[PDB]
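Asks:
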Amino acid sequence: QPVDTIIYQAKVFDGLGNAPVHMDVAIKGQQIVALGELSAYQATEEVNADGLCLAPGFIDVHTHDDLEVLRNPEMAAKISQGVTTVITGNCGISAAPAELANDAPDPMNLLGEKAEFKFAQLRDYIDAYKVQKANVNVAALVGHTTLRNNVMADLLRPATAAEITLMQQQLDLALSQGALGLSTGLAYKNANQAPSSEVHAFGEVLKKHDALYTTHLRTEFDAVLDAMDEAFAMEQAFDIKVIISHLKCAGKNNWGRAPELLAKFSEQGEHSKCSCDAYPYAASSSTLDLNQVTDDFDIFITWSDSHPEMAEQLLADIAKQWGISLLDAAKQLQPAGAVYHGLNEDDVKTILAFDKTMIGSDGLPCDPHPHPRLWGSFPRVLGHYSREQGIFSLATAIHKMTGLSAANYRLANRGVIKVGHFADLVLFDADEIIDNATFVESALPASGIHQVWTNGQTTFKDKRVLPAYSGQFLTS
Ligand SMILES: [Zn+2]
Numbered sequence: 007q008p009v010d011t012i013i014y015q016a017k018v019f020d021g022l023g024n025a026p027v028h029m030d031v032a033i034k035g036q037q038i039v040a041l042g043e044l045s046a047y048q049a050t051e052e053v054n055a056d057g058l059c060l061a062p063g064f065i066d067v068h069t070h071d072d073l074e075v076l077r078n079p080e081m082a083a084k085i086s087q088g089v090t091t092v093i094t095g096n097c098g099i100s101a102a103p104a105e106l107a108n109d110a111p112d113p114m115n116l117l118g119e120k121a122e123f124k125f126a127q128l129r130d131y132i133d134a135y136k137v138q139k140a141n142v143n144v145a146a147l148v149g150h151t152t153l154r155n156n157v158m159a160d161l162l163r164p165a166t167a168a169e170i171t172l173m174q175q176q177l178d179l180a181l182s183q184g185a186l187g188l189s190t191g192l193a194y195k196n197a198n199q200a201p202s203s204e205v206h207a208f209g210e211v212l213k214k215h216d217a218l219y220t221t222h223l224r225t226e227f228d229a230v231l232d233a234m235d236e237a238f239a240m241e242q243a244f245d246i247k248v249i250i251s252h253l254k255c256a257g258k259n260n261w262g263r264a265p266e267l268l269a270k271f272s273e274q275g276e277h278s279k280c281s282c283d284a285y286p287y288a289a290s291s292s293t294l295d296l297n298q299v300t301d302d303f304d305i306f307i308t309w310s311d312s313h314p315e316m317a318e319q320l321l322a323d324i325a326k327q328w329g330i331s332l333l334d335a336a337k338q339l340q341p342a343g344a345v346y347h348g349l350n351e352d353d354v355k356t357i358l359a360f361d362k363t364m365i366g367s368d369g370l371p372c373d374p375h376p377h378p379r380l381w382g383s384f385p386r387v388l389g390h391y392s393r394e395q396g397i398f399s400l401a402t403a404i405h406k407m408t409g410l411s412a413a414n415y416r417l418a419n420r421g422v423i424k425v426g427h428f429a430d431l432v433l434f435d436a437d438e439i440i441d442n443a444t445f446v447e448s449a450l451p452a453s454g455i456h457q458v459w460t461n462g463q464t465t466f467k468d469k470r471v472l473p474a475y476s477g478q479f480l481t482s
């Protein structure tokens, strides 16, 4: 009857949005084994959490960490924020099941270089993960654009009916091997010509596996509401769980339209289970897209293969030095990465406050000067938006990165501090927790996190990332 660890006298948040409770938490093996008051229990290790808070480990529902978790199993960018589980395979791109011919078509470079895609089937990817495991648990979506690339040489078109049949069987096999569902990125060049009927062709497979559908909307600018109708039609037709990724209304035309996005959820019809996620910043980030170049707001170049000397500079400054328009400068900078300061802060606050919204970092792990969301998202929610701005309580903030997310993705026995659940846990100081990553110094680690456990083993303690490698692959 001894346990490995008891955490004494933390302010414990259960992850369900309830008021915190002062009590002790016992860990043995991978599991939370006792809650309440455990001075009469025998523990090898005793942690004094007086004055601190304990919460379930944070679940990053929107990552591009597919290959990063193999390259970098310590996962400092996420672990130092309190993240214990990552959801991979978003916006239509995944590491598996993928077989590459010529190149990795865009946006697969967000994941890694062509040579890294060594996983013809999902089980190859799970095998690779299990060589070292990682400091985070992994749950994987299958990317629709990745599936298209397996069967299409020319991506600038709808898939044929026969190519769709192949993709249906590839998704079915991947789901049987453990994938959670399918993601799309319908705004990207290499998926934009997929009609809604092509996406609908996956619905029966998803429904048969009780699997998920996540989507980067076909547009997030003027016609964003039309794009949301597309996502709801998947829920209407198949009664499956749908999640809209990084909800936003982008572009100067659309600042102030966040209430329209919220109200659009009233058009779901029969089922009302569509969810969404967001990152806590008023700026987006992706490979430089000529269609988004504007003088309406700041655009910052993060990398450029053509002109690396212009990295970490404002597009308007680059254009002035070069003596040409912003659009012509962008043409010469490609291929390049950018941070677009194209969102409105009041819109962001409304979308974060929305009770359907989970927290997702959308961190880009191959970016050499990344958007700071890669390193600051979850402490920014707890410290900036909860404590400082007062948009919501700490209990609400925690719920939106733990229990809400485990429920929506059906992650068994995670996201909640309850006896019998896994001991993914974060110990932190509520008054000091804060993001330090800025747009200029975008990899500064957060403050206020004292200790992190993944499946009962310490992966972070007193500013040290620790290679416990106790994460697991979470199969459906
Ligand atoms: Zn996206």
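Numbering (the authors' numbering), first residue to last: 7 to 482.
Just so you know, even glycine gets a beta-carbon here, dropped at the ideal spot from N, CA and C.
For the beta strand (DSSP E) that residue 190 lies in, which residues bound it at each end?
Replies: 187 to 191
Asks: For residue 72, does the count of other Cβ atoms within 10 angstroms reach 16, so buried, or fall short, so exposed?
Replies: Classification for residue 72: buried.
Asks: Does the segment 320 to 338 come close enough to the segment 365 to 381 that 3 or more CB-CB pairs lie under 8 angstroms?
Replies: Touching, no.
Asks: Identify the continuous alpha helix (DSSP H) that holds residue 498 and give its terminal residues.
Replies: In the structure as shown, the chain starts at 7 and stops at 482, and residue 498 therefore has no counterpart that could be examined.
Asks: Whole angstroms is fine: what's the gap from residue 349's alpha carbon to residue 227's?
Replies: 10 angstroms
Asks: Following a CB-centred definition, is residue 453 positioned closer than 7 angstroms to any heavy atom of ligand 1?
Replies: no
Asks: I need the DSSP call for residue 31, collapsed to helix, strand or coil.
Replies: strand
Asks: Report the option in 475, 409 and 363 whose CA atom is closest to the CA atom of residue 252.
Replies: 363
Asks: For residue 291, report the span of its beta strand (DSSP E) as first-last.
Replies: Secondary structure note for residue 291: its beta strand (DSSP E) is the uninterrupted segment 290 to 293.
Asks: Nearest to residue 85 by CA position, among 341, 455, 332 and 248, is which residue?
Replies: 455
Asks: I'd like the span of the beta strand (DSSP E) that includes residue 456, first residue to last.
Replies: 455 to 460
Asks: Look at the alpha carbon of residue 139 and the alpha carbon of residue 260, and state the distance between them as a whole number of angstroms.
Replies: 43 angstroms
Asks: Could you check if residue 97 belongs to the surroundings of ligand 1, using beta carbon to heavy atom distance under 7 angstroms?
Replies: Taking 7 angstroms as the cut-off, one finds at least one heavy atom of ligand 1 near enough to the beta carbon of residue 97.
Asks: Am I right that residue 215 and residue 188 are in contact with their C-beta atoms under 8 angstroms? What's the rounded C-beta distance?
Replies: The C-beta distance from residue 215 to residue 188 rounds to 10 angstroms, too long to fall under 8 angstroms, and the pair is not in contact.
Asks: In terms of residue numbering, what span does the beta strand (DSSP E) encompassing residue 365 cover?
Replies: Unbroken beta strand (DSSP E) run through residue 365: 363 to 365.
Asks: DSSP on residue 310, reduced to helix/strand/coil?
Replies: strand
Asks: Would the beta-carbon of residue 25 fall within 8 angstroms of that of residue 403?
Replies: Contact flag unset, no.
Asks: Look up residue 6 in the DSSP assignment and say whether it is helix, strand or coil.
Replies: Residue numbering for the chain in the displayed model covers 7 to 482; residue 6 lies beyond these limits and cannot be assessed.
Asks: Can you have a look at residue 394 and say buried or exposed, based on whether 16 or more other CB atoms are within 10 angstroms of its CB?
Replies: exposed
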